[PDB]
Amino acid sequence: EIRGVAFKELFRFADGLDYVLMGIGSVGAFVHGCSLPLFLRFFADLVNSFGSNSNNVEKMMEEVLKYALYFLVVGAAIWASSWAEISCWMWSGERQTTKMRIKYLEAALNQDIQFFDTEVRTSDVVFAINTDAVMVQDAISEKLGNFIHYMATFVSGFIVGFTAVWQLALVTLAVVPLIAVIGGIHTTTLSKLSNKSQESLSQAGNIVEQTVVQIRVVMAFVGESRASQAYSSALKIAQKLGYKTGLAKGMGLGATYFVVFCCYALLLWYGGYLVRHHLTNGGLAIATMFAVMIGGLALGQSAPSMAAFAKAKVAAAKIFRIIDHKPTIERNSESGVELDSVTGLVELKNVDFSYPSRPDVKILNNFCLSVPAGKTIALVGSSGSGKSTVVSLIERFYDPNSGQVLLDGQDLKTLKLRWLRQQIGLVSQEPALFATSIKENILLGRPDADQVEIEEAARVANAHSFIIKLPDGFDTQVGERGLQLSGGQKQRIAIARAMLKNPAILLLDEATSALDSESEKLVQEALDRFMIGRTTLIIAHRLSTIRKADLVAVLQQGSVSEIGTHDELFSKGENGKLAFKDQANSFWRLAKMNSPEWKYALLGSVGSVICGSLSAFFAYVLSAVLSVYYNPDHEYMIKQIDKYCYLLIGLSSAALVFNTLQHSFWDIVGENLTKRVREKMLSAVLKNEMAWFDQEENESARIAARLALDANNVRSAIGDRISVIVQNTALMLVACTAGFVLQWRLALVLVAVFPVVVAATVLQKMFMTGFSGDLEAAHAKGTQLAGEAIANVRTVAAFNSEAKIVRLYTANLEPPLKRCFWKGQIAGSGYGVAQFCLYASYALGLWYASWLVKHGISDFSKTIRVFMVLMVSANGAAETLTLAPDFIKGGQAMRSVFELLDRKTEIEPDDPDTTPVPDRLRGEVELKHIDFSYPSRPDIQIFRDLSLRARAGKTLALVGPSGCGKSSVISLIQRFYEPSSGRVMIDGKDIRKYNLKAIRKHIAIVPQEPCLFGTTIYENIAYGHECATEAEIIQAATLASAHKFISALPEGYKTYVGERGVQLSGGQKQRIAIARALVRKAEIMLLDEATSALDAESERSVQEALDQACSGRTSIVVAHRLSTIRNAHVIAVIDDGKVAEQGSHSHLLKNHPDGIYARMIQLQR
């Protein structure tokens, strides 16, 4: 396969406007990248002129004013360059990708069906839209501009550093690889540990998934405690892994800080050494160190652009592979012929289109069909693939295999696709309603129709019926809340679309089987009763569709063995603003929940504070050193520099230790809180109603994802941001007090421009993250429309709707293009304004410091210290501000957690106070006056005053009709559900006022669906009893005859079983389930359908096991088997929920057995 395409080939769809936009964006990116080292050079010059002219205040003032004006110029240039790069790059990328998406969809729809059958799957073609949006759109829009900007930053920083002071720049260049290596090691270790932790969390989520999808048996066998214990053990494993991750992260940050501080101490000492020997000044030294570091960071940030370039190269190679392919059918004569005035007597004398995915096997053998002109024909046979193949051959899907197919004596090779498709009124299995308005779907047959023609076409489907009462009539769309059901109007919509097309030769297909007779009867009256009936083949439900048809044309082995009259029968055997007060209260409650860990957090908090202070100290030291750089006394400079270097090394050691401490303790408390919350949520979920589990929102996958997502958000957001906000608040406080006590005038002035600085820095962080949001979410409508069109390429090609589909695609993609353009313009303008205001604030601060020094109010050293410390504090505040959205997300996640946890249950399985349980039960049960609503579908009500009797020690074999009630009765006696007015009357007492756990301790359940747990069958049998020994398991296996096959298995009781397991036979796993029921050893055992699909030996063995199990004491069995139910005291058949005669199998009186218990016995024998 192709491993990529040339990078320049990614710009295939770029026009002159795209080229000029890319040029402007490149220039803007280059200037914006080069600006920052230029600002560093200007800052160095300003500091040199401000510190070297203490004797002459005048010249100092003019130089400071000049360099403040230079700062303003740099800010304006940054504004212009950032605006240009962001807007131009974003818009050009969007334009190119939209053009390529349109071309890709057009090419895909222009391909043949065999292309999707053999070369590329349809799912891959649909996924290509999203993979394009993710890689190709993103690399050429933002990643390329970022790459240019970071290359410019790196080159300009290196040039500035090596032109200012080449020796110190060389030393910093040697330093940079140390930080790079430390960061790389930290990232690799953290990624590996996080991968392991994610695997452990996935195992825990799998445990939740398996215990929620199969709650029927978990609740019945009071296994919630075992599930909670297993989940707790998995969470302990994940918690140890999380502790290791936190320790590794703390160690990495500590090592980074230690290396940075030690290397900066060395660099400051060497810069001092240069200053004494008059090779430079302090400002140049600081500037060159910072510039070389900025260049290294620029390379580091530019690497991801290269990664995105590689990904987009691969994706664009795939996209161009799909686009550049040429269709095979289109290679014929584009002129063709149009015979016109079709009669409809086409003759398919031999078949073709052998599904080239499987050319060795020929699915359809050559046969003659010869549909008569103006006469209906219907053919049934094979397994539905033959009829579909005949339809495909009729719709010019020809691939030369055998003979030819002709229309009215004209072979289709001379015919044209654009005309032949117009003559075919296809109706398929799926109506294939595209995401658009109803009037567009109906008009899709031919765009040259009007409203009146659409009205007449829909008139056949009972005028409008459901359509007229729709919110917007024909203009409503199917994407939003419309009908959203297969048994809806969409089939009639497809029928109307066919009617709006030419009523020539047409290919009917089997319609829906749900809803009522109106839809199908409309199908015949619009497709068979309009005269000139065509080939209306029926794949399934041939009870009356083919009986009404005049021809049968049976299709054994892909050939017409018999054709003609329809009277003769055959061997058919088919079935037939958000609130914040409550949010803060919720944080208070959550912090109360994890109270035992406060000390941990508290200790970590202390470390956090210290860490913040350390940062401030570093800043101070730098400024202090800068001041010492501008001191005529050389020896005093030596002493001060040595003192500051030693203090910096001490700060490095302290930073390592306390960063490790802070991160480790905060992650420890976060993981403990997360585990406690997860356990609480699982305990709350398992203690709920079965009707609660029946809801779609509480589906197994949904609950698993909710548990895996909400807890992770509550962990990460809360822990990370609480640590960050504590350390940054400490940094802010110490910085503010230091700046004030040094020079409160300058400190106050800088605090005035504090919001401007924090806004500019948060915009800088957003720019580094990316100014384009979710790209796939922008084109969601277009993507889903394209996916629907491609998945139904047969329908699109049948109606010649490729042009209409691509036009709708362009119409859907234009608003995202305009929105992207405006978003890019707004983002560029805002970012540029923020940067300009930031540099204006810097210039104003320096000018005010110079003015204060000029008037004798302060000195150079105090002012420079205040400035640097305050700027560092502002940067920390900006970091907190940009981490705040994670706080918002964690708050909403924890709100969801608490709303789930505080949910109250109408039934509680563990009632603290109730009448005591008897050790031995009598077993009698009454179901007097049962009225069960079944709240899953309240529109359907069952058990019309149902009444059930079962006294001690006899098997109750009520069966009823299949598909009505059945297992629901069992669901009542476990009290999974609650009858509206029913009375459960077991053992002369009421369950609804009784403890559920005590009863479930005494009842056995074997549902018709097999139940499998874990990986070993041993615990599958053992699940019945909490403390079942080996002897009990052996005995229960012998009673159920389960020992023989499980001994035949190699691993035996420890055989790998489950969804990924051996996937053994249904009978064996049913034996396992009944063995588990015997292990429970319940005084009351309840059975279910036991004869779904088994062979003779397995059927006999499981029946013997059932007879052995029911013997001994009271049991209820339903099943569906004919007779030989052994214990046949009374057998009841439900009639739409009402109570009917409980005719026994002895046939005492022939009223009930002759009524319902007669036909099914003869049919099943």
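Cβ atoms come from the backbone with ideal geometry, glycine included; neighbour counts cover every protein chain shown. Values in this text are rule-based calculations from the coordinates and carry no lab data.
Measuring spread by the Cα atoms of the stretch 17-57 yields a radius of gyration and Dmax of 17.7, 58 Å.
Quick check on the stretch 300-415: take the gyration tensor over C-alpha atoms, sort the square-rooted eigenvalues as a ≥ b ≥ c, and tell me if it's rounded (a/c under 1.5), prolate or oblate. Taking the square roots of the gyration eigenvalues as a ≥ b ≥ c, the stretch 300-415 is prolate. Distances between every pair of Cα atoms in the stretch 1009-1081, grouped in 5 Å steps from 0 to the bin holding the largest one, split as 4, 18, 33, 29, 13, 3 percent. Calculated mean residue ellipticity at 222 nm for the chain: -20500 deg cm²/dmol, from DSSP H runs with n ≥ 4 weighted as -39500 (n - 2.57), summed, divided by the residue count and rounded to 500.
For the stretch 549-664, the Cα-based Rg and Dmax, in that order, read 41.4, 121 Å.
Contact order for the stretch 140-290, expressed relative to its length and based on alpha carbon pairs under 8 Å spaced 6+ residues apart, stands at 42 percent. Of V222, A316, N55, which is farthest on the positive side of the dipole of the chain, counting Cα position, with +1 on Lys and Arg Cβ, -1 on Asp and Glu Cβ, and the Cα centre as origin? So the residue furthest toward the plus end is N55. For the chain, the share of DSSP beta bridges that are antiparallel, to the nearest 5, is 55%. For the stretch 362-385, the residues whose backbone nitrogen is under 14 Å from a point 7 Å from the Cα of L339, taken along Cα to Cβ, are 370-374.
Packing around the peptides 1008-1019, 425-436, taken as the average count of other Cβ atoms within 10 Å per residue, puts them in this order, highest first: 425-436, 1008-1019. Placing +1 on the Cβ of each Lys and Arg and -1 on the Cβ of each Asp and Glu in the chain, which of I442, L927, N575 has its Cα farthest towards the positive end of the resulting dipole? Farthest along the dipole direction, towards plus: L927.
The calculated FRET efficiency for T512 paired with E347, based on their beta-carbon distance and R0 = 41 Å, is about 0.80. Of all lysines in the structure, those lying under 30 Å Cα to Cα from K244, and not within fewer than 8 positions of it along the same chain, are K192, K196, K236, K592, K599, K675, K680, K765, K889.
Basic side chains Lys and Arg get +1 at the Cβ, acidic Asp and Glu get -1 at the Cβ, and with that the dipole of the stretch 1009-1081 about its Cα centre reaches some 180 debye. Highest-first packing order for the peptide set 442-450, 81-89, 1051-1059 is 81-89, 442-450, 1051-1059, based on the mean count of other beta carbon atoms within 10 Å. Per residue, the Cα convex hull of the stretch 914-967 amounts to 134 Å³.
Karplus-based coupling profile of the stretch 829-836, in residue order and whole Hz: 4, x, 5, x, 5, 4, 5, 4, with θ = phi - 60° in 6.51 cos²θ - 1.76 cosθ + 1.60 and x standing for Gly or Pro.
Ordering of 1099-1111, 135-147 by packing is 135-147, 1099-1111, highest average first (other Cβ atoms within 10 Å, averaged per residue). Computed from the C-beta positions of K928 and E440 and an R0 of 45 Å, the FRET efficiency is 0.15 to the nearest 0.05.
Rounded to the nearest 20, the size of the Cβ-charge dipole of the chain about its Cα centre is 2300 debye, with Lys and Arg at +1 and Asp and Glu at -1. Find how many whole Å separate the alpha carbon centroid of the stretch 1020-1097 from the alpha carbon centroid of the stretch 506-533. When both Cα centres are located, 50 Å separates them. For the set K490/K572; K501/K548; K375/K521; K966/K1081, the pairs lying more than 27 angstrom apart at their alpha carbons are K490/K572. Annotation: amide H of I986 within the under-5 Å range of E926, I991, sequence separation 5 or more or interchain, hydrogens built in the peptide plane. Ordering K1044, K954, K249 from the fewest to the most neighbouring beta carbons within 10 Å gives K1044, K954, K249.
Remark: the Cα gyration tensor places the chain in the oblate category, a/c being 1.5 or greater and a/b not exceeding b/c.
Whole-Hz Karplus values for the stretch 924-933 come out as 6, 9, 10, 10, 6, 6, 6, 10, 9, 7 Hz, taken residue by residue from phi with 6.51 cos²θ - 1.76 cosθ + 1.60 and θ = phi - 60°; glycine and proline positions read x. Of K954/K993; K416/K439; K581/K993; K318/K818; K311/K416; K240/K1054, which pairs sit farther than 30 Å apart, going by alpha carbon to alpha carbon? Beyond 30 Å between Cα atoms: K581/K993; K311/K416. Simple point charges give the picture: +1 on the Cβ of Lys and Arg, -1 on the Cβ of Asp and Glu, and for the stretch 630-678 a dipole about the Cα centre of about 440 debye.
Karplus-derived 3J(HN,Hα) values for the stretch 674-690, using 6.51 cos²θ - 1.76 cosθ + 1.60 with θ = phi - 60°, are 5, 5, 4, 5, 4, 4, 4, 5, 5, 4, 5, 5, 5, 9, 8, 9, 5 Hz; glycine and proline are entered as x. Less than 5 angstrom separates the built amide H of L1087 from those of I1116, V1117, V1118, all sequence-distant by 5 or more or on a different chain. Describe numerically, in nm with one decimal, the distance between label points set 7 Å from Cα along Cα→Cβ at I363 and at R276. With each label placed 7 Å out from Cα toward Cβ, I get 8.9 nm.
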